[PDB]
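Colleague:
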Ligand SMILES: NC(=O)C1=CN([C@@H]2O[C@H](COP(=O)(O)OP(=O)(O)OC[C@H]3O[C@@H](n4cnc5c(N)ncnc54)[C@H](OP(=O)(O)O)[C@@H]3O)[C@@H](O)[C@H]2O)C=CC1
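Protein chains in written order, with our numbering: chain Y, 14 to 256; chain H, 1358 to 1590.
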């Protein structure tokens, strides 16, 4: 149960993000989800109801971050659990990878983790409790052709998390990463059956993952039953990669 | 043997970068080292001698990168072996680390690997041979307090190399990372090294040299840990 916990979930409009926010709502938390557009911000508030609210936040603008967090501080309070789920893919083979594509991935998926962790953990330290969970990817451990930018960012937040964990572990704050595998989004249900079966051939579980299965893992690491788990990567990929 | 191969080592003024550049010269290659100062550049041209040359290179400047590459391709030729070694530290506990310190580590230690690997790989693919080695750090794997920016960049270049290795493995190019531990450039950190001694700069060079050789054509997407037991994977 998360009765009393203030939970921030970046990128919460759909898929993993929404399933994460929906899980915390059902377990008694005050859940704050973000989208990149005001329409998404208001769409989050609709399905969050009275238990939470949606905000428009861009993880690449420090001004947008100071505003939303202050807005969160006024109408809700200090964040107890931060779930970094802002993240995009800008696929290309390296010889075709443009600069802005590399820079966009590092600012959206890696620098975002540094900036939001810096802003929430001052309160987690004085309250001697905190949870910082970032959604990485199996690509960060396994690598993948055409996603050198993506894998660099997803692996970078692991080293970041391990370093931050060592800094704050003695103050009741744990910093962890959930690494999803093949999860069924709407873009999953939109590729050809030839494509679908191709990825499944490398999944021993012989099925795509479900967004709530990532939410279950995020929920566990955030629960108070995981105070001794810090600097860890929890892989949820159905056996696609085994570490 | 490295006869007929052209090597480029970024950041080869001193320490690990120098030992790497000197090792490739000692095994028959034509070597180019880079520094940020025209000072350190002429220092590299000095110790390389008639078998190599130094260049001033700022990996955060795209004009500097392309200019040095043009010179190398005109004076020496296409680069066969890229050793990514440019790197800096600006440590701070996270709530004390200003955004500039996070920016500089990523731009210098991570984005530099993407820029120069991309710039050299087109010729490597046409030759159907290539070696890309990036000097990482034990910190990128074990993590370290006050070094979240350094660790994130060092961990990120491993995710980069794994993906790139999958892209070019079939065309005779391998992409690997050498991860040093405690290398002498207190005893409190030597208390964490079971070897009970610091590593030598040339001990990293021997690693890099092994990966860059034709004997290591089947090693790709791998991190070789040279740390004396500080971390074990
Ligand atoms: N020392 C250790 O224990 C460890 C070292 N490493 C890494 O391995 C390498 C060891 O070399 P080390 O002697 O430690 O570090 P150096 O003291 O040799 O300086 C690192 C190199 O980076 C170059 N450099 C700095 N900024 C830039 C830039 N903006 N553009 C291009 N080049 C730049 C420097 O050139 P100049 O001489 O012009 O500054 C120098 O040659 C480093 O990359 C280090 O991070 C890995 C693990 C631990």
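C-beta atoms are modelled at their ideal positions from N, C-alpha and C, and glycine is treated no differently.
Starting from the C-beta of residue 1564 of chain H, find all residues in its chain whose C-beta is less than 6 Å away, skip the five residues before and the five after it, and write them out in chain order.
Modeller: Start at 1 with the first residue of the second chain, and residue 1564 of chain H comes out as number 207. Correct list, in chain order: 1535, 1581 and 1583.
Colleague: Using the Cβ count rule (16 or more neighbours within 10 Å means buried), how would you classify residue 30 of chain Y?
Modeller: Within the first chain, residue 30 of chain Y is the residue found at index 17, counting from 1. Buried, because 16 or more other Cβ atoms sit within 10 Å of the Cβ of residue 30 of chain Y.
Colleague: Just list the residues that DSSP pairs residue 192 of chain Y with in beta bridges.
Modeller: Along the first chain, one-based indexing puts residue 192 of chain Y at 179. In DSSP, residue 192 of chain Y forms a bridge with Y/248.
Colleague: Taking residue 1408 of chain H as the reference, give the member of H/1398, H/1387, H/1395 and H/1546 with the closest Cα.
Modeller: By 1-based counting over the second chain, the position of residue 1408 of chain H is 51. Among H/1398, H/1387, H/1395 and H/1546, the Cα nearest to that of residue 1408 of chain H is on H/1387.
Colleague: Does the stretch 93-106 of chain Y touch the stretch 119-138 of chain Y, meaning 3 or more C-beta pairs lie closer than 8 Å?
Modeller: Touching, yes, given that three or more Cβ pairs across the two stretches are closer than 8 Å.
Colleague: Strictly below 8 Å CB to CB, what residues from chain H border residue 178 of chain Y?
Modeller: For the purposes of this step, residue 178 of chain Y is taken as the residue at position 165 of the first chain. Neighbours of residue 178 of chain Y on chain H, chain order: 1500.
Colleague: Three or more C-beta pairs under 8 Å: does that hold for the stretch 156-169 of chain Y against the stretch 1517-1527 of chain H?
Modeller: Cβ pair count under 8 Å is three or more, so yes.
Colleague: What residue range is occupied by the uninterrupted beta strand (DSSP E) comprising residue 1488 of chain H?
Modeller: In the second chain, counting from the first residue as 1, residue 1488 of chain H sits at position 131. 1487-1492 is the extent of the beta strand (DSSP E) around residue 1488 of chain H.
Colleague: Which residues mark the beginning and the end of the alpha helix (DSSP H) in which residue 105 of chain Y is found?
Modeller: As a working mapping, residue 105 of chain Y is identified with position 92 in the first chain. No alpha helix (DSSP H) contains residue 105 of chain Y, which DSSP labels as neither H nor E.
Colleague: Assuming residue 1469 of chain H and residue 1506 of chain H form a contact by the criterion Cβ under 8 Å, report the distance between their Cβ atoms to the nearest whole angstrom.
Modeller: Position 112 of the second chain, counting from 1, holds the residue named residue 1469 of chain H. Position 149 of the second chain, counting from 1, holds the residue named residue 1506 of chain H. With a Cβ gap of about 14 Å, residue 1469 of chain H and residue 1506 of chain H do not count as contacting.
Colleague: By the criterion of Cβ-Cβ separation under 8 Å, what are the contact partners of residue 1394 of chain H in chain Y?
Modeller: Taking the second chain and counting its residues from 1, the one referred to as residue 1394 of chain H is at position 37. In chain order: nothing, as chain Y lies at least about 26 Å away.
Colleague: Need the endpoints of the beta strand (DSSP E) that residue 1391 of chain H sits in, please.
Modeller: Here the question's residue 1391 of chain H lines up with position 34 in the second chain. Counting along the chain, the beta strand (DSSP E) containing residue 1391 of chain H begins and ends at 1387-1392.
Colleague: Where does residue 1439 of chain H fall in DSSP's three states?
Modeller: Stepping through the second chain from its first residue, residue 1439 of chain H is reached at position 82. In the structure shown, residue 1439 of chain H sits in a strand (DSSP, three-state: E or B).
Colleague: Within the present structure, is the beta-carbon of residue 1553 of chain H separated from the nearest heavy atom of ligand 1 by less than 7 Å?
Modeller: Counting from one through the second chain, the residue named residue 1553 of chain H turns up at place 196. No, the Cβ of residue 1553 of chain H stays beyond 7 Å of every heavy atom of ligand 1.
Colleague: For a cutoff of 8 Å on Cβ pairs, would you count residue 1504 of chain H as touching chain Y?
Modeller: Sequence index remark: in the second chain, residue 1504 of chain H carries index 147 (1-based). So yes, residue 1504 of chain H belongs to the interface.
Colleague: Ligand 1 and residue 1545 of chain H: does any heavy atom of the ligand fall closer than 7 Å to the residue's C-beta?
Modeller: Numbered from 1 along the second chain, position 188 holds the residue referred to as residue 1545 of chain H. It does not: the Cβ of residue 1545 of chain H is nowhere closer than 7 Å to a heavy atom of ligand 1.
Colleague: What does residue 1578 of chain H touch in chain Y if you count any residue whose Cβ is under 7 Å from its own?
Modeller: In the second chain, residue 1578 of chain H corresponds to position 221, counting from 1. Neighbours of residue 1578 of chain H on chain Y, chain order: 156.
Colleague: May I ask you to check if the CB of residue 1540 of chain H is nearer than 7 Å to at least one heavy atom of ligand 1?
Modeller: Along the second chain, one-based indexing puts residue 1540 of chain H at 183. Residue 1540 of chain H Cβ: within cutoff of ligand 1.
Colleague: Is there at least one non-hydrogen atom of ligand 1 closer than 7 Å to the beta-carbon of residue 97 of chain Y?
Modeller: What you label residue 97 of chain Y is simply residue 84 of the first chain in a count that begins at 1. Residue 97 of chain Y Cβ: outside cutoff for every heavy atom of ligand 1.
Colleague: With H, G and I counted as helix, E and B as strand and the rest as coil, what does DSSP make of residue 1362 of chain H?
Modeller: Translated into positions along the second chain, residue 1362 of chain H becomes position 5. Residue 1362 of chain H: coil per DSSP, three-state reduction.
Colleague: According to a CB-to-CB cut-off of less than 9 Å, which residues of the stretch 1424-1451 of chain H neighbour chain Y?
Modeller: Answer set for the stretch 1424-1451 of chain H: 1450 and 1451.
Colleague: Between residue 50 of chain Y and ligand 1, is there a pair consisting of the residue's CB and a ligand heavy atom that are separated by less than 7 Å?
Modeller: Locating residue 50 of chain Y in the first chain gives position 37, where the first residue counts as 1. Checking every heavy atom of ligand 1 against the Cβ of residue 50 of chain Y, none is found closer than 7 Å.
Colleague: Relative to the C-alpha of residue 239 of chain Y, which residue among Y/37, Y/142 and Y/114 is closest?
Modeller: To locate residue 239 of chain Y, count along the first chain from 1; it is residue 226. Residue Y/142 is the option with its Cα nearest to residue 239 of chain Y.
Colleague: What residues of chain Y sit near residue 1514 of chain H, judged by a beta carbon separation below 9 Å?
Modeller: Position 157 of the second chain holds residue 1514 of chain H. The answer, in chain order, is 165, 168 and 169.
Colleague: Distance check for residue 122 of chain Y and residue 1589 of chain H, CA to CA, integer angstroms please.
Modeller: Against the second chain, residue 1589 of chain H aligns to sequence position 232. Against the first chain, residue 122 of chain Y aligns to sequence position 109. The alpha-carbon atoms of residue 1589 of chain H and residue 122 of chain Y are separated by roughly 28 Å.
Colleague: So, does the stretch 1376-1383 of chain H touch the stretch 1393-1410 of chain H, judging by three or more C-beta pairs under 8 Å?
Modeller: Yes: the two stretches touch, three or more of their Cβ pairs being nearer than 8 Å.
Colleague: Locate the beta strand (DSSP E) running through residue 69 of chain Y, then write down its first and last residues.
Modeller: Locating residue 69 of chain Y in the first chain gives position 56, where the first residue counts as 1. Start and end: 65-69.
Colleague: Since residue 129 of chain Y meets chain H, which of its residues come closer than 7 Å, beta carbon to beta carbon?
Modeller: To locate residue 129 of chain Y, count along the first chain from 1; it is residue 116. Residues of chain H passing the Cβ test: none, with the nearest at roughly 11 Å.
Colleague: Have a look at the DSSP bridge pairing and note the partners of residue 222 of chain Y.
Modeller: The sequence position of residue 222 of chain Y within the first chain is 209, counting from 1. According to DSSP, which records beta bridges pairwise, residue 222 of chain Y is partnered with Y/196.
Colleague: Quick one: what does DSSP say residue 256 of chain Y is sitting in, helix, strand or coil?
Modeller: Within the first chain, the letter at position 243 stands for residue 256 of chain Y. Here residue 256 of chain Y sits in coil by DSSP.
Colleague: Please state the DSSP three-state secondary structure of residue 1592 of chain H.
Modeller: In the structure displayed, chain H extends from 1358 to 1590; residue 1592 of chain H sits before or after that span and is not available.
Colleague: If you measure from the beta carbon of residue 1484 of chain H to each beta carbon in chain Y, is any gap under 8 Å?
Modeller: Walking along the second chain from the start, residue 1484 of chain H turns up at place 127. No - not a single Cβ of chain Y is within 8 Å of the one on residue 1484 of chain H.
Colleague: State yes or no: is the beta carbon of residue 1517 of chain H nearer than 8 Å to at least one beta carbon in chain Y?
Modeller: In the second chain, counting from the first residue as 1, residue 1517 of chain H sits at position 160. Yes, its Cβ sits closer than 8 Å to a Cβ of chain Y.
Colleague: Using a Cβ-Cβ cut-off of 8 Å, state whether residue 1587 of chain H counts as contacting chain Y.
Modeller: Translated into the one-based positions of the second chain, residue 1587 of chain H becomes position 230. For residue 1587 of chain H, the answer is no, since every Cβ of chain Y falls outside 8 Å of its Cβ.
Colleague: Assign residue 1568 of chain H to buried or exposed, taking buried as 16 or more other Cβ atoms, counted over all protein chains shown, within 10 Å of its Cβ.
Modeller: Along the second chain, read from residue 1 onward, the residue named residue 1568 of chain H stands at position 211. So residue 1568 of chain H counts as buried.
Colleague: In angstroms, rounded to a whole number, what distance separates the CA positions of residue 204 of chain Y and residue 214 of chain Y?
Modeller: Counting from one through the first chain, the residue named residue 204 of chain Y turns up at place 191. Counting from one through the first chain, the residue named residue 214 of chain Y turns up at place 201. Answer to the nearest angstrom: the Cα atoms are 15 Å apart.
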